[PDB]
């Protein structure tokens, strides 16, 4: 019923941020019309406010960015992938709870 204000990545900027800059972040691979993605979106927007510059919160549209989707061998949507220092650190799928995402952020920031 609504809008999403996460920064939308194409392959290039994904490469820049996750690989070149080694940004500590999460990336939701999603589709525009996905009902579950629509439930997960607000949870990530709310979390972004808690970690403003310390951790990135990005979005990849898998219909536009098919190469990236397939780079990760992903087979469903929504999925949230976690990165720090250019490494792929973790992944969760489906209707996540903020507890789960928060713990992963903390696990990631710590290594």
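Residue numbers count along the first chain shown, from 1.
Mean C-alpha temperature factor, higher of 68-76 and 82-90: Here the higher of the two C-alpha B-factor means belongs to 68-76.
Chain-relative CA temperature factor third for residue 47: Middle third - that is where residue 47 ends up once the chain's C-alpha B-factors are sorted.
Third of the chain's Cα B-factor distribution that residue 17 belongs to, per the entry: Middle third of the chain for residue 17's C-alpha B-factor.
Position of residue 109 among the chain's modelled residues by C-alpha B-factor, lowest, middle or highest third: Tercile = highest for this residue's CA B-factor.
Chain third (lowest, middle, highest) by recorded CA B-factor, residue given as residue 10: Its C-alpha B-factor, which the entry lists for residue 10, ranks in the middle third among residues of this chain.
Chain-wide C-alpha B factor ranking for residue 24, given as lowest, middle or highest third: Within its chain, residue 24 is a lowest-third residue by C-alpha B-factor, going by the deposited values.
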